[PDB]
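# Any chance you can model this:
(chains A, B and C)
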Amino acid sequence: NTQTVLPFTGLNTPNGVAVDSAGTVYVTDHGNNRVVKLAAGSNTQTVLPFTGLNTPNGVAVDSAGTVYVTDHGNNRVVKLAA
Amino acid sequence: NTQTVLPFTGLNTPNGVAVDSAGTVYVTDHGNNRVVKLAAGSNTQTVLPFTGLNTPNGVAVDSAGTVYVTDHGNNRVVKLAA
Amino acid sequence: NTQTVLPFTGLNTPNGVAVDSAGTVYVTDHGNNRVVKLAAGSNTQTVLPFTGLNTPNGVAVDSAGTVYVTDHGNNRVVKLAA
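Numbering: from 1, shown residues only, chains lettered A, B, ... in the order given. Sure, structure below:
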């Protein structure tokens, strides 16, 4: 069997992963209060422009590429269009 | 491109999120020990009739709208049909 | 409103769940440092051949059957092809 480590960088206690129809992978980087994504084949993550996250701990992405995050430290759910 | 906050009422320590093909958003809630959902365009959530949960954590939804939840404290996975 | 408890066995503090097209359900069995899946029909529980996981806490599955896990304890995200 083969498992592959994805080239995210500087993750801290990550918690939550989603993958869209394009194979882009989204991760709630819980310990760094941010959400990062990696397109299929890409070597470098991008940080999603959410605002004021605290201990985010879950992520989902819909068919339109809208990203939903459980912003746990703030007791709320936020979403960001593609 | 600015984030929006979803109108869940009384959310306390969300643990996970999923979104179906219709854009309905499902969230697991630690403090209230329950799972809630919000249709796209709605600002009144519904509480899903799971019972005997001890901290729902993960949530997923399939193409048939069946909702799956990891019941963390009871070491089990429960589902409800649409 | 009847909920169904799936025939997973031996879970410990499960905290992430995903479901694929074949109706296969994947769970991050966090307390056992593993990811399990349940095949529809036969209800054969199989442990996915990830290795070196530590307190995993998020799982996702793409349209190709590739499984993605946030390996929280190791600050990384790992994937496994079908």
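# Render the CA-only coordinates of stretch A:16-34 in PDB, please.
These are the backbone C-alpha positions of stretch A:16-34, laid out as PDB (Å, rounded to 0.1, in the frame of the first residue of the first chain):
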ATOM      1  CA  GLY A  16     -10.800  18.700   9.400                       C
ATOM      2  CA  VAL A  17     -10.400  18.000   5.700                       C
ATOM      3  CA  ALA A  18     -12.500  18.400   2.600                       C
ATOM      4  CA  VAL A  19     -12.000  17.800  -1.100                       C
ATOM      5  CA  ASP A  20     -13.900  19.400  -3.900                       C
ATOM      6  CA  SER A  21     -14.900  18.100  -7.400                       C
ATOM      7  CA  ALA A  22     -11.600  19.500  -8.800                       C
ATOM      8  CA  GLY A  23      -9.500  17.500  -6.300                       C
ATOM      9  CA  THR A  24      -8.600  20.600  -4.300                       C
ATOM     10  CA  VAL A  25      -8.000  19.700  -0.700                       C
ATOM     11  CA  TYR A  26      -9.000  22.100   2.100                       C
ATOM     12  CA  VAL A  27      -7.700  21.800   5.700                       C
ATOM     13  CA  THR A  28      -8.700  23.500   8.900                       C
ATOM     14  CA  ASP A  29      -5.300  24.400  10.400                       C
ATOM     15  CA  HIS A  30      -6.800  24.500  13.900                       C
ATOM     16  CA  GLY A  31      -3.700  25.500  15.800                       C
ATOM     17  CA  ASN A  32      -2.900  28.400  13.400                       C
ATOM     18  CA  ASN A  33      -6.500  29.800  13.300                       C
ATOM     19  CA  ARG A  34      -6.600  29.500   9.500                       C
END
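# hmm, that stretch touching chain C?
Yes: Stretch A:16-34 comes into contact with chain C when judged by C-beta under 8 Å from any C-beta of the partner chain, the residues involved being A:16-19, A:21, A:23, A:25, A:27-28. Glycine gets a C-beta too; all of them are placed from N, C-alpha and C.
# List the buried residues in that stretch.
A:16-20, A:24-34 (16 or more other C-beta atoms under 10 Å in any protein chain shown).
# Residue numbers of chain A in contact with chain C?
Contacts of chain A with chain C, taken as C-beta under 8 Å from any C-beta, map to A:1-6, A:8, A:11-19, A:21, A:23, A:25, A:27-28, A:58-59.
# In strands only, show me these.
By the criterion of DSSP state E, membership of these in strands covers A:3-5, A:17-19, A:25, A:27-28, A:58-59.
# any idea which of the residues you listed is closest to residue B:48?
Comparing these against residue B:48 with C-beta to C-beta places residue A:58 closest, at 16.4 Å.
# hey, what's that closest one bridged with?
When assigned by DSSP bridges, residue A:58 has beta-bridge partners residue A:70.
# And residue A:43, how close does it get to residue A:6?
The span separating residue A:43 from residue A:6 equals 10 Å under the rule C-beta to C-beta, to the nearest Å.
# quick one on the thing from earlier: most widely separated two among the buried residues of stretch A:16-34?
Using C-beta to C-beta, the pair of those lying farthest apart is A:20 and A:31, separated by 23.5 Å.
# Residue A:52 in helix, strand or coil?
For residue A:52, the reduced secondary structure class is coil; criterion used: DSSP: H, G, I helix; E, B strand; the rest coil.
# May I have the phi/psi pair for the residue nearest to it when sequence neighbours are not counted?
The shortest distance from residue A:52 to any residue that is not its chain neighbour, by C-beta to C-beta, 6 or more residues apart in numbering or on different chains, is 7.1 Å, and that residue is residue A:74. Dihedral pair for residue A:74: phi -110, psi 10, per degrees, to the nearest 10.
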